[PDB]
Structure formats: C-alpha cells, structure tokens
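Undergrad: There's a structure below that I have some questions on.
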Protein chains: 2
Amino acid sequence: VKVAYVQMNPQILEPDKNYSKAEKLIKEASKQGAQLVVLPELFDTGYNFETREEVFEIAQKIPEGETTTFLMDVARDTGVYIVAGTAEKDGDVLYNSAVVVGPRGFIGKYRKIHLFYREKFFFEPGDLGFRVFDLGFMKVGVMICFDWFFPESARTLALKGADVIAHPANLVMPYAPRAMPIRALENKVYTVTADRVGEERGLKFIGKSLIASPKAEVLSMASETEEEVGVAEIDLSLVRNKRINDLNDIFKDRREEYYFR
Amino acid sequence: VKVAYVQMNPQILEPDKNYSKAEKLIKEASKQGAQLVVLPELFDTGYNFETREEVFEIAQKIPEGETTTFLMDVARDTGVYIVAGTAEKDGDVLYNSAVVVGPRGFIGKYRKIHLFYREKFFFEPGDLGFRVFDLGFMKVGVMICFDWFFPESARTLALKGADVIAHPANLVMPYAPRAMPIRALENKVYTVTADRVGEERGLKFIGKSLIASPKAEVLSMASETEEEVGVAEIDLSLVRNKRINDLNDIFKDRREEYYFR
Ligand SMILES: [Mg+2]
Ligand SMILES: [Mg+2]
C-alpha cells in the first residue's frame with residue numbers, strides 16, 4: 001500500500017486559499033500513487049488565533065460543512081482516502097478535529113483528545129475516543145498533533161487494529177520527528193505525520209513531516225519550511241503480525257494489570 | 001544530585017569475578033560524586049543461558065543471598081545507593097530481578113514484568129508491578145531491559161513520582177538508546193540505562209549505556225564495547241514540575257478514560 005503526507009502552509013482565516021492548496025498537493029500525492037493522504041492539523045483555518053471568535057466565525061460543521069464537502073469532492077476525483085485536520089463547529093463549541101473521507105464520501109471523524117497550549121482557550125477537549133477506521137485494504141487510526149506526546153494515544157489506536165496511524169500535526173517543538181519512529185516501533189505500526197510549515201503571526205512551525213516504519217526507519221521526511229508531498233510504500237503483513245521475534249508478540253506480552261498502578 | 005551507570009561485562013556463571021568487577025566500577029562512580037549507581041541486568045550471573053539448571057544452581061535469594069550481601073557491603077563502604085540486576089532464586093522459581101540497596105541496608109526489589117526472548121525459558125514473569133523506592137532525598141523507579149519497549153513501564157514509574165528511572169539492561173537490539181530519551185521526555189523524568197557489553201556464547205551486547213534528561217537530552221552515553229562508568233548531575237525540579245508550558249501539565253493532561261478502550 002502507498003501512503004502520503006501533504007506538508008502545506010495554511011493561510012490563517014483563508015479557507016478557500018487553503019482548499020486550493022490542499023487540492024493541488026493531494027492531486028500530486030495521488031499521481032505518485034498514494035492511496036491514503038494525510039493533511040496537517042487545522043489545514044483550513046490555520047492555528048495561531050488571537051481570539052476564539054475569529055476561528056468560530058469560519059469553522060465548519062462535520063460532515064455538512066464546506067471542508068468536509070470539499071475533501072469529499074477531492075477524494076472522489078482522485079480516488080484516495082484523506083485524513084485532514086479541520087476546525088469543527090458543533091453548535092456553540094469548537095473541536096480540533098480530523099475528518100476521514102474516501103471516494104464514496106464521509107467515513108468518520110476524530111476529535112483531538114490532548115489539547116496543546118492556547119488550543120485550550122478555543123477548543124473543547126475531544127470526546128469520541130481514539131478511533132480506527134476500516135478501509136478494507138487497511139485500517140487507519142487517527143491522532144492529532146500533541147496526541148503524539150502521550151504514548152497512550154498511539155497505543156490505543158494500535159490495540160484497536162490500526163495498520164497506520166494518520167497524524168495531522170502543527171508542531172512547534174522539535175521532538176516529534178525523533179519520537180514518531182519510536183511510536184511506530186513500540187506498536188509495530190506505520191505512522192504518517194503530516195505537519196504544517198510557515199510562520200503565522202510570529203509563531204514558526206517545525207515542518208519535518210515524516211513516515212515511519214515498524215522498524216523505526218524514516219521512510220520519507222520533509223523539509224522544515226517547504227510545501228511538499230511525501231509518499232512511502234508500506235507492508236501491512238509487517239504490522240499485523242505483532243511478533244518481534246519468535247518468542248515475543250508485543251500485544252500478547254502486555255500485562256495490563258500492572259500498568260498505571 | 002549525581003546519578004550514574006556502571007557498564008560492565010559480566011562473565012557468565014562467575015559471580016565472584018562479577019562482584020570484583022562491579023565493586024571496582026561502583027567505587028569509580030562514587031569517586032566522581034554519584035549518589036545513585038545503576039548496574040546492568042543479571043550482572044552477577046550473566047545472561048545467555050542454555051539450561052535453566054546452570055543458572056538455578058548459582059542464583060541467589062533476595063535479600064539474604066550473596067548478591068544482596070555484596071551490594072549492601074559496597075553501598076555501605078562507598079556511601080551510595082545501588083540498583084543492580086540479579087537472578088533471583090525464590091523456592092524452585094527464578095525471577096529476573098533488580099535489587100535496591102542503600103548505605104544503611106536493603107531497600108527493595110523489582111521483578112522484570114516483560115520477559116525477553118529466551119528469558120522465558122528460565123525465569124518466571126515478575127509479579128510485583130513497577131515499584132518506586134522513596135530514598136527521602138529522591139524517588140527511584142526501577143525497570144529492567146525489555147521493559148523499555150513498553151511505554152507503560154516507564155509511565156507507571158513516573159506516575160508514582162519517580163525522579164529517576166533506574167534501568168538495568170542487557171540490550172541486544174539497537175533501538176533502546178534512541179528510545180530512552182523519548183521515555184524520559186514523555187514522562188518528564190531522568191532515565192539511567194546501565195547496559196552490559198561483551199560477547200557471551202556468540203551473543204553481542206550493545207553497550208551504549210546512557211543517562212537521558214526530561215528534555216530528551218543525552219547527558220552521558222557509553223561506548224559499544226568498553227567497561228566504564230558515566231556520572232551526571234540531575235535537576236530534581238525539572239522532573240517534579242510536570243508543566244511543559246503554562247497551560248500543559250503532562251499528568252493533569254492525561255485522560256485515562258480514553259486509553260486502551
Ligand atoms: Mg499566539
Ligand atoms: Mg526467599
């Protein structure tokens with residue numbers, strides 16, 4: 001299976017420009033043969049808000065709203081599955097969400113469980129848990145940005161059968177590119193971290209999107225500042241067999257009753 | 001306060017030689033100011049057994065047996081606290097254990113929760129959980145070797161207030177030195193991995209003992225092949241403050257209701 005990140009620079013409060021940009025890069029990933037394409041956190045709205053009001057004003061409902069319907073059209077035209085971060089309006093609340101769409105339409109969503117820094121002023125903590133979406137040819141788990149920091153996020157998706165963890169991100173610390181290969185290794189999964197780039201109202205993002213293997217190899221990694229697509233071929237047998245050798249199966253070896261007490 | 005690893009080459013089935021070597025190196029760490037000194041997994045017996053008999057016949061009881069006695073003697077003489085891997089005899093059973101002693105006596109033990117590879121032919125899985133020992137001036141968590149692979153091991157110790165995770169290891173895979181700084185970071189704790197070196201019945205150990213900080217810095221890292229000590233100062237306030245910024249306290253931020261389900 002081929003998987004891809006889109007590393008782009010969202011223009012804050014300019015969703016139509018960001019849709020244009022996303023469509024261009026998703027089409028490039030599709031031409032490269034990607035079947036799953038992951039976009040950054042908050043690709044439609046940007047990130048560095050001064051007030052909750054300027055993001056609430058433009059944030060879209062899922063799946064009725066413009067970001068989801070836009071991505072549905074792109075998935076149908078290119079025949080890929082997309083996981084993309086988006087500001088989700090749900091009544092009077094905002095969630096920091098990721099939408100999953102495929103060529104037949106909307107598949108599901110995930111709401112960021114662990115908010116970072118000023119996101120706590122804008123968004124409600126996610127309340128749908130960590131979900132794994134079965135696409136038939138693969139099962140994709142989704143976590144967003146700072147969720148990487150908690151090993152429990154990736155672990156929960158892997159226990160639920162994720163072959164790949166799709167990871168929209170808007171990184172501001174330099175740690176996640178070092179950590180993602182370890183998250184991939186400790187769960188025996190592939191990870192696709194689609195980070196943004198850019199400077200946005202004085203805040204500089206890290207870039208360095210990457211795809212990591214269950215052997216902690218970096219299969220693709222992006223620049224710090226450029227918009228780009230990265231694609232890697234992945235071997236699903238490697239991640240479905242949780243044996244790391246003939247005497248240790250990492251999930252059968254877990255002894256949950258000793259954890260966190 | 002200073003903590004240290006001892007990286008040594010246990011001679012299989014020769015505890016007398018291993019005590020002599022350990023004592024030499026513990027004194028070196030103490031001479032450099034270390035207050036806590038961590039030794040490798042199974043430092044007294046070695047590791048690469050072919051029969052359970054050849055280990056069972058020499059394995060010592062805890063705390064009344066010779067390895068604990070030896071460690072108490074050195075701790076008293078050199079004025080340090082020691083965490084050391086040892087084969088533990090308990091009736092007709094062996095555990096792959098670590099002993100914790102200080103200058104005033106035996107403090108406690110830990111039994112490896114996650115057995116690795118052929119250890120399953122020789123040892124019983126541990127049954128005490130992940131323990132944190134309060135030395136008054138600092139709290140020391142213990143895990144052993146392959147426990148590193150499961151993020152839950154280090155997390156359990158850190159949640160119980162470990163300032164430092166003492167980590168006796170006998171590493172054969174290349175991954176742990178890259179992963180330990182991420183274990184230190186994700187728990188905001190210090191880690192001291194005391195690995196062995198050497199070739200033992202054709203099995204080559206990795207060496208690369210290391211001390212990692214709560215900022216994923218590597219404060220000390222040993223060679224691949226040589227016996228050596230490594231000592232570094234640690235900042236207790238850096239581990240005890242779980243805030244990584246004004247809005248994120250990493251333990252307050254955990255949402256266990258969404259983990260593993
Ligand atoms: Mg700001
Ligand atoms: Mg006994």
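If you're wondering about the labels, chains in the structure tokens are A, B, ... by order shown, residues count from 1 in each chain, ligands from 1 in order shown.
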Can you check which residues of chain A have any atom within 9 Å of chain B? Use only C-alpha atoms and format it as a VMD selection string.
TA: chain A and resid 113 to 118 120 127 to 130 149 to 153 155 to 157 159 to 160 175 178 to 179 181 to 182 185 to 187 215 to 216 245 to 248 250 253 to 261
Undergrad: Which residues form the shell of 8 Å around ligand 2 when you count only C-alpha atoms and all ligand atoms, given as an mmCIF file with N, CA and C atoms, in the first residue's frame?
TA:
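Final output, saved to result-v3.cif:
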```cif
data_model
loop_
_atom_site.group_PDB
_atom_site.id
_atom_site.type_symbol
_atom_site.label_atom_id
_atom_site.label_comp_id
_atom_site.auth_asym_id
_atom_site.auth_seq_id
_atom_site.Cartn_x
_atom_site.Cartn_y
_atom_site.Cartn_z
ATOM 1 N N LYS B 61 19.175 -15.905 46.632
ATOM 2 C CA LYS B 61 17.934 -15.421 47.226
ATOM 3 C C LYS B 61 18.074 -13.941 47.599
ATOM 4 N N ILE B 62 16.938 -13.237 47.571
ATOM 5 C CA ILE B 62 16.879 -11.834 47.979
ATOM 6 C C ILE B 62 15.939 -11.766 49.183
ATOM 7 N N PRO B 63 16.405 -11.167 50.285
ATOM 8 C CA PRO B 63 17.639 -10.389 50.437
ATOM 9 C C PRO B 63 18.789 -11.088 51.127
ATOM 10 N N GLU B 64 18.626 -12.365 51.454
ATOM 11 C CA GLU B 64 19.614 -12.988 52.336
ATOM 12 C C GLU B 64 20.828 -13.571 51.578
ATOM 13 N N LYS B 89 16.596 -16.253 43.116
ATOM 14 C CA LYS B 89 16.011 -17.558 43.434
ATOM 15 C C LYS B 89 14.922 -17.384 44.510
ATOM 16 N N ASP B 90 13.771 -18.001 44.232
ATOM 17 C CA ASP B 90 12.641 -17.960 45.170
ATOM 18 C C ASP B 90 12.049 -19.370 45.123
ATOM 19 N N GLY B 91 12.455 -20.210 46.065
ATOM 20 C CA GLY B 91 11.995 -21.612 46.044
ATOM 21 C C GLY B 91 12.548 -22.308 44.809
#
```
Undergrad: Just the number, please: distance in Å from CA of residue 71 (chain B) to CA of residue 133 (chain B), one decimal.
TA: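 These atoms are spaced 16.6 Å apart.
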Undergrad: Where does DSSP see alpha helix (DSSP H) in region 79-239 of chain A, if you list the residues as a PyMOL selection string?
TA: chain A and resi 151-159+176-187+236-239
Undergrad: Could you tell me which of A:220, A:7, A:97, A:48 comes closest to residue 21 (chain A) if we count only C-alpha atoms?
TA: A:7
Undergrad: Quick one: residues within 8 Å of region 210-213 of chain A, only C-alpha atoms counted, chain neighbours fewer than 5 positions away excluded, as a count of residues only?
TA: 23
Undergrad: DSSP says strand (DSSP E) for which residues of region 66-102 of chain A? Put them as a list in words?
TA: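 Written out, the strand (DSSP E) residues of region 66-102 of chain A are residues 81, 82, 83, 84, 85, 86, 87, 88, 89, 90, 93, 94, 95, 96, 97, 98, 99, 100, 101 and 102 of chain A.
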Undergrad: May I have the selected residues written with C-alpha atoms, as a PDB file, in the first residue's frame?
TA:
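Saved file again-v9.pdb follows:
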```
ATOM      1  CA  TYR A  81      -8.705   8.358   1.217  1.00  0.00           C
ATOM      2  CA  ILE A  82      -7.932  11.620   3.051  1.00  0.00           C
ATOM      3  CA  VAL A  83      -7.375  12.314   6.740  1.00  0.00           C
ATOM      4  CA  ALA A  84      -7.248  16.075   7.324  1.00  0.00           C
ATOM      5  CA  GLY A  85      -7.222  18.368  10.347  1.00  0.00           C
ATOM      6  CA  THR A  86     -10.060  20.896  10.497  1.00  0.00           C
ATOM      7  CA  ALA A  87     -11.708  23.250  12.983  1.00  0.00           C
ATOM      8  CA  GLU A  88     -15.022  21.580  13.716  1.00  0.00           C
ATOM      9  CA  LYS A  89     -18.054  23.630  14.676  1.00  0.00           C
ATOM     10  CA  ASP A  90     -20.609  21.659  16.664  1.00  0.00           C
ATOM     11  CA  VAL A  93     -18.460  24.548  20.636  1.00  0.00           C
ATOM     12  CA  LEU A  94     -15.359  24.048  18.564  1.00  0.00           C
ATOM     13  CA  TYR A  95     -13.329  20.881  18.377  1.00  0.00           C
ATOM     14  CA  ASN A  96      -9.836  20.447  16.926  1.00  0.00           C
ATOM     15  CA  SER A  97     -10.742  17.614  14.597  1.00  0.00           C
ATOM     16  CA  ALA A  98      -9.692  15.364  11.790  1.00  0.00           C
ATOM     17  CA  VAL A  99     -12.021  14.238   9.031  1.00  0.00           C
ATOM     18  CA  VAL A 100     -11.717  10.934   7.198  1.00  0.00           C
ATOM     19  CA  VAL A 101     -13.218  10.784   3.684  1.00  0.00           C
ATOM     20  CA  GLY A 102     -12.866   8.346   0.837  1.00  0.00           C
TER      21      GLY A 102
END
```
Undergrad: Kindly provide, as a PyMOL selection string, all nucleotide and amino acid residues lying within 7 Å of ligand 1, counting only C-alpha atoms and all ligand atoms.
TA: chain A and resi 48-50+201+203
Undergrad: Skip residue 47 (chain A) itself and residues of its chain fewer than 5 positions away, then list as a list in words all residues within 8 Å of it, counting only C-alpha atoms.
TA: residues 12, 42, 170 and 200 of chain A
Undergrad: What separation in Å, quoted to one decimal, exists between CA of residue 52 (chain B) and CA of residue 13 (chain B)?
TA: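 Between CA of residue 52 (chain B) and CA of residue 13 (chain B) the gap works out to 12.0 Å.
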